[PDB]
Each structure stands twice: as C-alpha cells, then as structure tokens.
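These notes concern the structure reproduced below.
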Protein chains: 2
Amino acid sequence: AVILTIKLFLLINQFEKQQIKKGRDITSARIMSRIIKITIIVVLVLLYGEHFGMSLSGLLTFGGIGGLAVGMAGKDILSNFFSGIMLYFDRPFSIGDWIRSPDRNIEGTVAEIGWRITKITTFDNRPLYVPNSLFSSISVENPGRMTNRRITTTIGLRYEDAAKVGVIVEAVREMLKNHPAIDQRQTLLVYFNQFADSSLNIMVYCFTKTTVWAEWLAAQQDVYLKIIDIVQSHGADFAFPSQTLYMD
Amino acid sequence: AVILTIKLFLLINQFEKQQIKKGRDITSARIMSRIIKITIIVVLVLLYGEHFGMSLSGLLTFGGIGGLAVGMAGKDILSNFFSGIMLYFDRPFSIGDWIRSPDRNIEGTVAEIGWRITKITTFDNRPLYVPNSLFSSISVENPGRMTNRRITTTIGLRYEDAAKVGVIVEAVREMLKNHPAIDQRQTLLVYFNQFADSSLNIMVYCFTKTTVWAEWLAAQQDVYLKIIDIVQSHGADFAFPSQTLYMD
C-alpha cells in the first residue's frame, strides 16, 4: 500500500514537471500536484482504510459526507461533459453553419465542437465559448439549414387613401408574383391586416429562393424599391406618426 | 486518541498565533480556532467513536444528518473550487485579453486566474472578482481573440428621395470596396433593407482589418465622414423623426 503511493507520487511529479515544460504556472502546478496527491490518498484511505485503518462504518458516512458534496458540487461540469457526448452522437448542427436560439444569445457560426465547451465564432468574428449543457435545455435553431430566406414588411399608407388600398394591394401582389427572385410555391401574402393608429398597414410576406444573405438583401432592396413606386404610382405616399394638434 | 488531539490542539494554536502574526482580527482568529477545534473533534468522534463511544448506527444517522447539510450547504464553494480546476486545464481565455458574456456582466480584461475566484479589471480599471462557477454555466465570449473589428450602421435617408437610393447604395458600396482600412474578404453589405417609419434606412455592414480600438475608431470615423458627403453629394440629407401634424 505504501510502495504503490510512492510509485504514483513520483509518477505525478513526472506529470508535474511535464506540466512545467509546457508554459503553465509552475508555482500553481505544484498546488495542482498537491491537490492530486491529497485526493488520491483520501480515495485510497477510503478504499483500503479497512485492512489497516479502523472504524469502517464511520468512514462510510465520512465518504458519504464527502462524495455527496463532490457529486452535487461538480454537477454542471459533468453535465457539460455528458451533453458533449450527446453532441458527439446526436449532432443537431454541423460545423460550418450558423446556429441561433430564441432563449439565450449564442448566435454565430460553429467552429469546433469540444467535449466540455463548443467554440462559436460570432458575426463579429469573435470566438464565443458555449458550455454544452445549454444544448440539452434550450431550443437551438439552425438557419444554416434554412431552405428559403424571407422578406416581410408593413407598408403603412396615409390613412385617408383607403379607397386606393385595394389596387395597391393588388399591384404589389401581382408584382411579387412576377418577380424572378421570389419563390412561388412558398407562402406569398400581401394583405391589408393591421389598421394601426397612424397608418393603414399592408402585410407583405414572402420568400426568396436563395439563402445567401447577399442576393437576399439585393432581392429585398429591389422588391422594396418596386413597392415604393407602386405606392407612388397611385397617390398613396406612405405615412408618418401623424398626430392632430387641437390648438386653443 | 487523546494525545493525538493534544498534539493537534497545540499545533493549531501555533496556527492561530501564526494567523495573529499576520494582520488578521485577533478577537476573530480565536473563534476560527474554536471552529477548527470542534470540527476536528466531531470528525474524530464520528470516526473513532466506536472503540470508546457507543451506539454506532445512531451516530451513523447523526453523521448522515450533519454531512448532508454540509454537503448541500457548501455546494457553491466547492463548485467554485471545481470549476477553477477546469479553468486550470481547459483555459478558454488567456490572461491578457478582455472577455465578455451576453448573459452576465463580466466585461473586462483578465488579470489573474485564482482557484476560487478570477480577478478581472474592468474598463474603468476597477477590479472585479468573478466566481469561477459562472465559467461553466454561461457563454463566455473572448473578443481578445477577435480577428476583425466590425463597423455597422443604418443611414436613414429622408424618405422622399427614394429615386436616389440606388445610386447612394451604389456609391457607398464602391467607396467601401476601395477604402484601405476595410477588409475585402470578409462580409461587406451596403443594402436598403429596413424601411422604417421615418426614414429609408441603409444597412452598412463591414469589417476593418485591424483589432486595436484606436485605428478602428479612426477608420469608422473616416468611413462615416465619407458616407455623409456621399449622401450630400446627391440631395438626400438624412432624416429626422418627422411626423405630420394635421392642424384643425
């Protein structure tokens, strides 16, 4: 029992200087070796403290005091290691795709999937280390696998031109039906639906057939630029916040 | 069993006066020594209270009452010590780099990584002691390893100049393509996308090739100062909140 401890003491001193050959806090590394020393001797006097050590059932409740504290103390670290395993088998996202969550803020493209953490580059090219325990408790969304991007807008006419809203919501709908960048078999809704406090709004809701974020914005720009002069083909001219003033 | 307690009582009284030789609360250090005294005698009468002490199984559930309370009582302190160990091995940030989190507020540059806590100087040069248990449950972001800083802006033209937005969003895009401080192989988007309630907004979104916070702001200043007179080269002139008034 003592020569086993002697072999592993010099073995972890080899490990200690193998930490010091890397650049890693040599003053601190001896504290780490002291921690490993006292924990392996306490797990051995927990195990083999009945051949030579005394009061068996007393060390049973001593280990029950200690191990329960260790168990619910490092709960989240082992949960990070466990849910990292479930990311290794049931991977809900690949490497090169941006993910998102409506609960937390983890938005960005994945770069590597570690065991404890998961490195995600943001859209500012900053790395963001996410613990894997979120990935078994929040609703991860994967817009990397998005099949169509979506344009969506209210229009907001000037609230006195209510007689003209029918031909506007007809012309915008038929323009979006004949636009080459817009999908046709997806949803396509141009309808007067909101009735706001300053403007008659027109919901415009459709999908482009590309998911590339460059031509999507160009298609959205061209669609809005056609919406504007469809509105100003007739006399509509949008709307501002538009209060009245009732001066004394 | 009693001479062991006598040796360690005088040993921790040596420890007590070794605390008093440091500057540390004399009327408190004896309370600390009394705490260590009563806890080592209760862990010994938990252990060796069967050779001489009586009712073994009764002290088993007595220790089960006590040690469970101690276990889930100091859960977070041991979790701080445990996740400090995982920062010693799997370090998700070095010393000299500012980290951040979108969940909590720990923003600042790291100064040292202790075992229990982690000292972070803020951007007000104030120290901020963070318990390490956050670092295994929140999503730490590391903008110290940021590869490019990012400029990002809406423009907001005056909503009657919709016929001019195409040449403006062309000229700004080609100015950002030929600016020396802007990266070219990163994302570069100048597009009309927002259609706000008071202004036609133009998303401007690109990256500088430096991460130094001094020349980044100078590049952002020069880019915005060129955006302004590109806008005022044509007649656009931005926009204000711009309501109508409908006087009676």
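Following the order of the structure tokens, chains are lettered A, B, ..., residues in each are numbered from 1, and ligands are numbered from 1.
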Distance-based interface of chain B with chain A, 7 Å, counting only C-alpha atoms, as JSON, numbers by chain: {"B": [46, 47, 48, 50, 60, 63, 64, 67, 68, 71, 72, 75, 76, 78, 79, 82, 102, 136, 137, 138, 139, 140, 141, 142, 143, 145, 146, 147, 148, 149, 150, 191, 192, 193, 197, 198, 242, 243, 244, 245, 246, 247, 248]}
Any chance you could dump chain A, least-squares fitted to chain B on all C-alpha atoms in order, as a compact mmCIF listing (two decimals) with C-alpha atoms, in the first residue's frame?
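Produced file superposed28.txt, reproduced below:
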# COMPACT_ATOMS: atom_id res chain seq x y z
CA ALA A 1 -6.81 9.13 20.96
CA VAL A 2 -6.37 11.93 23.49
CA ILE A 3 -2.66 12.61 22.93
CA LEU A 4 -3.32 12.97 19.20
CA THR A 5 -5.90 15.66 19.99
CA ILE A 6 -3.44 17.34 22.38
CA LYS A 7 -0.71 17.50 19.71
CA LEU A 8 -3.07 18.98 17.15
CA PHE A 9 -4.62 21.41 19.66
CA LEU A 10 -1.22 22.95 20.31
CA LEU A 11 -0.46 22.67 16.58
CA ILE A 12 -3.51 24.70 15.62
CA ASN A 13 -2.76 27.12 18.45
CA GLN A 14 0.57 27.59 16.69
CA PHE A 15 -1.53 28.13 13.55
CA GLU A 16 -3.70 30.61 15.48
CA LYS A 17 -0.77 32.75 16.58
CA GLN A 18 0.64 32.35 13.05
CA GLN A 19 -2.58 34.00 11.93
CA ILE A 20 -2.13 36.72 14.56
CA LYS A 21 1.39 37.50 13.30
CA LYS A 22 -0.30 38.44 10.06
CA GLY A 23 -2.64 41.33 10.50
CA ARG A 24 -5.82 39.29 10.81
CA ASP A 25 -8.62 39.92 13.42
CA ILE A 26 -6.99 38.35 16.55
CA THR A 27 -10.35 38.35 18.46
CA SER A 28 -11.88 36.59 15.41
CA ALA A 29 -8.92 34.23 15.00
CA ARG A 30 -9.71 32.53 18.29
CA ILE A 31 -13.26 31.98 17.04
CA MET A 32 -11.77 30.40 13.94
CA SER A 33 -9.54 28.19 16.09
CA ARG A 34 -12.56 27.18 18.19
CA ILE A 35 -14.35 26.23 14.96
CA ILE A 36 -11.41 24.08 13.83
CA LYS A 37 -11.23 22.53 17.32
CA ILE A 38 -14.88 21.49 17.48
CA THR A 39 -14.91 20.29 13.89
CA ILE A 40 -11.88 18.05 14.29
CA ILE A 41 -13.23 16.57 17.50
CA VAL A 42 -16.60 15.93 15.87
CA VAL A 43 -14.99 14.27 12.87
CA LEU A 44 -12.95 12.12 15.26
CA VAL A 45 -15.92 11.10 17.41
CA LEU A 46 -17.59 10.35 14.09
CA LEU A 47 -14.62 8.18 13.18
CA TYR A 48 -13.26 6.75 16.43
CA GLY A 49 -16.47 6.96 18.43
CA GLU A 50 -16.92 3.20 18.16
CA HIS A 51 -13.84 1.99 20.05
CA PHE A 52 -14.94 4.02 23.05
CA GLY A 53 -18.11 5.79 22.02
CA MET A 54 -21.36 3.89 21.92
CA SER A 55 -24.41 3.40 19.65
CA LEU A 56 -22.69 3.05 16.28
CA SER A 57 -25.70 3.14 13.94
CA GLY A 58 -27.12 6.12 15.81
CA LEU A 59 -24.01 8.16 15.09
CA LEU A 60 -24.30 6.91 11.50
CA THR A 61 -27.59 8.73 11.02
CA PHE A 62 -26.26 11.62 13.10
CA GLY A 63 -23.39 11.97 10.64
CA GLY A 64 -25.88 11.47 7.82
CA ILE A 65 -27.88 14.41 9.13
CA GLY A 66 -24.75 16.51 9.53
CA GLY A 67 -22.78 15.64 6.41
CA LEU A 68 -25.72 16.03 4.05
CA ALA A 69 -26.28 19.51 5.46
CA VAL A 70 -22.59 20.27 5.00
CA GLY A 71 -22.65 18.77 1.50
CA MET A 72 -25.52 20.70 0.04
CA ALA A 73 -24.71 23.73 2.20
CA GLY A 74 -21.27 24.44 0.78
CA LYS A 75 -22.22 23.30 -2.70
CA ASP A 76 -21.35 26.53 -4.48
CA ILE A 77 -18.00 26.99 -2.73
CA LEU A 78 -16.83 23.54 -3.80
CA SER A 79 -18.26 24.23 -7.24
CA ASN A 80 -16.14 27.37 -7.35
CA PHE A 81 -13.12 25.28 -6.45
CA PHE A 82 -14.03 22.61 -9.01
CA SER A 83 -14.61 24.91 -11.94
CA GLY A 84 -11.40 26.69 -11.04
CA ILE A 85 -9.67 23.39 -11.72
CA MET A 86 -11.31 23.20 -15.14
CA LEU A 87 -10.04 26.70 -15.81
CA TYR A 88 -6.57 25.43 -14.93
CA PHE A 89 -6.71 22.69 -17.56
CA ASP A 90 -9.18 23.82 -20.24
CA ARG A 91 -8.47 27.54 -20.24
CA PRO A 92 -10.94 29.29 -22.58
CA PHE A 93 -9.05 32.58 -22.27
CA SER A 94 -5.52 33.70 -21.54
CA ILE A 95 -4.54 36.36 -19.02
CA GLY A 96 -4.09 39.46 -21.13
CA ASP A 97 -7.34 39.59 -23.11
CA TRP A 98 -10.77 41.07 -22.49
CA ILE A 99 -13.64 38.64 -22.21
CA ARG A 100 -17.38 39.18 -22.21
CA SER A 101 -20.66 37.43 -21.74
CA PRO A 102 -24.10 38.13 -23.21
CA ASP A 103 -25.71 36.62 -20.10
CA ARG A 104 -24.00 38.31 -17.16
CA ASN A 105 -21.83 41.42 -16.92
CA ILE A 106 -18.21 40.35 -16.52
CA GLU A 107 -16.77 42.58 -19.23
CA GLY A 108 -13.10 43.45 -18.82
CA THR A 109 -9.57 42.18 -19.17
CA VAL A 110 -8.46 39.25 -17.06
CA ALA A 111 -5.66 39.91 -14.59
CA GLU A 112 -5.24 36.64 -12.71
CA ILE A 113 -7.00 33.29 -12.56
CA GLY A 114 -7.28 32.14 -8.98
CA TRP A 115 -8.71 28.89 -7.74
CA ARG A 116 -11.88 30.17 -6.11
CA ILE A 117 -12.32 33.45 -7.99
CA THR A 118 -11.00 35.14 -11.11
CA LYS A 119 -9.84 38.73 -10.96
CA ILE A 120 -10.90 40.86 -13.92
CA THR A 121 -10.04 44.51 -14.31
CA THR A 122 -12.94 46.33 -15.91
CA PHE A 123 -12.74 49.08 -18.49
CA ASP A 124 -12.86 51.56 -15.62
CA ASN A 125 -9.68 49.99 -14.17
CA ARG A 126 -11.71 48.61 -11.34
CA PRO A 127 -11.04 45.05 -10.23
CA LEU A 128 -13.96 42.67 -10.43
CA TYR A 129 -13.82 39.33 -8.69
CA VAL A 130 -15.83 36.71 -10.56
CA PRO A 131 -16.57 33.31 -9.01
CA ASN A 132 -15.45 30.56 -11.33
CA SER A 133 -18.81 28.76 -11.19
CA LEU A 134 -20.11 31.17 -13.81
CA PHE A 135 -17.48 30.00 -16.27
CA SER A 136 -19.01 26.53 -16.53
CA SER A 137 -22.58 27.77 -16.94
CA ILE A 138 -22.56 30.99 -19.01
CA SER A 139 -21.35 31.60 -22.54
CA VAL A 140 -18.06 33.42 -22.21
CA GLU A 141 -17.11 35.40 -25.30
CA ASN A 142 -13.46 36.27 -25.98
CA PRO A 143 -13.02 39.44 -28.06
CA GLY A 144 -9.34 39.32 -27.18
CA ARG A 145 -9.03 36.71 -29.93
CA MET A 146 -11.16 38.78 -32.31
CA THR A 147 -9.79 38.66 -35.84
CA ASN A 148 -11.54 41.73 -37.26
CA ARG A 149 -13.49 44.56 -35.76
CA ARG A 150 -16.78 45.47 -37.35
CA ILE A 151 -18.47 48.70 -38.36
CA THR A 152 -22.23 48.64 -38.72
CA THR A 153 -24.71 51.44 -39.22
CA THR A 154 -28.08 52.43 -40.59
CA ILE A 155 -28.16 55.57 -42.69
CA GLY A 156 -31.72 56.82 -42.81
CA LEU A 157 -32.45 58.96 -45.86
CA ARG A 158 -35.30 61.40 -45.99
CA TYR A 159 -37.99 59.06 -47.35
CA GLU A 160 -38.98 61.29 -50.29
CA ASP A 161 -35.65 60.64 -52.04
CA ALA A 162 -36.46 57.05 -52.88
CA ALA A 163 -35.46 57.52 -56.52
CA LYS A 164 -31.94 58.40 -55.36
CA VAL A 165 -31.37 55.47 -53.01
CA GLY A 166 -29.94 53.25 -55.74
CA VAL A 167 -27.02 55.49 -56.64
CA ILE A 168 -26.36 56.18 -52.96
CA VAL A 169 -26.25 52.49 -52.08
CA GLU A 170 -24.01 52.01 -55.11
CA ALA A 171 -21.61 54.82 -54.21
CA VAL A 172 -21.30 53.84 -50.56
CA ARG A 173 -20.64 50.22 -51.54
CA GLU A 174 -17.95 51.14 -54.05
CA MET A 175 -16.40 53.57 -51.57
CA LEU A 176 -16.18 50.79 -49.00
CA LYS A 177 -14.73 48.48 -51.63
CA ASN A 178 -11.88 50.93 -52.27
CA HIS A 179 -11.24 52.05 -48.73
CA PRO A 180 -7.83 50.91 -47.44
CA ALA A 181 -8.86 50.19 -43.85
CA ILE A 182 -11.79 47.92 -44.72
CA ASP A 183 -11.27 44.22 -45.21
CA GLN A 184 -12.31 42.81 -48.57
CA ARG A 185 -12.53 39.07 -47.99
CA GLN A 186 -14.89 39.47 -45.04
CA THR A 187 -18.57 40.35 -45.33
CA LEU A 188 -19.36 43.69 -46.97
CA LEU A 189 -23.03 44.66 -47.24
CA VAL A 190 -24.48 48.03 -48.15
CA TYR A 191 -28.14 47.49 -48.90
CA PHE A 192 -31.53 49.10 -48.49
CA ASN A 193 -33.33 46.76 -46.14
CA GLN A 194 -35.21 48.33 -43.26
CA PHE A 195 -37.98 50.70 -44.42
CA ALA A 196 -38.52 52.42 -41.08
CA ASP A 197 -41.37 54.70 -40.04
CA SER A 198 -39.49 57.96 -40.53
CA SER A 199 -36.57 57.18 -42.85
CA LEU A 200 -35.43 54.82 -45.56
CA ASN A 201 -32.55 53.09 -43.82
CA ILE A 202 -29.47 51.62 -45.47
CA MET A 203 -27.67 48.80 -43.73
CA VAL A 204 -23.90 49.28 -43.82
CA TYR A 205 -22.03 46.29 -42.51
CA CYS A 206 -18.34 45.54 -42.96
CA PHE A 207 -15.10 44.78 -41.21
CA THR A 208 -11.86 46.60 -40.64
CA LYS A 209 -8.61 44.70 -40.91
CA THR A 210 -7.34 45.85 -37.52
CA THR A 211 -8.42 44.96 -33.97
CA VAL A 212 -6.78 47.76 -31.99
CA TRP A 213 -9.74 50.01 -30.90
CA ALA A 214 -7.75 53.15 -31.77
CA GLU A 215 -7.38 52.83 -35.53
CA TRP A 216 -10.72 51.01 -35.59
CA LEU A 217 -12.47 54.14 -34.36
CA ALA A 218 -10.41 56.26 -36.75
CA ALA A 219 -11.43 54.03 -39.64
CA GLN A 220 -15.06 54.19 -38.51
CA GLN A 221 -14.81 57.98 -38.27
CA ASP A 222 -13.33 58.27 -41.75
CA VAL A 223 -15.91 55.87 -43.20
CA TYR A 224 -18.82 57.79 -41.67
CA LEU A 225 -17.34 61.11 -42.75
CA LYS A 226 -17.20 59.80 -46.29
CA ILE A 227 -20.75 58.40 -46.01
CA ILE A 228 -22.05 61.84 -45.04
CA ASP A 229 -20.77 63.72 -48.07
CA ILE A 230 -21.60 60.81 -50.35
CA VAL A 231 -25.16 61.31 -49.09
CA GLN A 232 -24.87 65.07 -49.51
CA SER A 233 -23.18 64.76 -52.90
CA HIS A 234 -26.64 63.94 -54.17
CA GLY A 235 -29.59 65.57 -52.48
CA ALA A 236 -30.51 63.11 -49.70
CA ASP A 237 -29.69 64.88 -46.38
CA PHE A 238 -30.61 62.08 -43.88
CA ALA A 239 -33.82 62.20 -41.88
CA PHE A 240 -35.27 63.25 -38.55
CA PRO A 241 -38.20 61.59 -36.63
CA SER A 242 -40.53 63.52 -38.99
CA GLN A 243 -44.17 63.35 -38.01
CA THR A 244 -47.07 65.19 -39.69
CA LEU A 245 -49.30 67.47 -37.72
CA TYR A 246 -52.85 67.78 -39.21
CA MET A 247 -53.83 71.03 -37.53
CA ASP A 248 -57.54 71.72 -37.07
Using DSSP on the backbone coordinates, identify the residues of region 6-234 of chain A assigned to strand (DSSP E or B); present them as a VMD selection string. chain A and resid 98 to 100 108 to 113 117 to 121 127 to 131 141 150 to 153 157 182 189 to 192 200 202 to 208
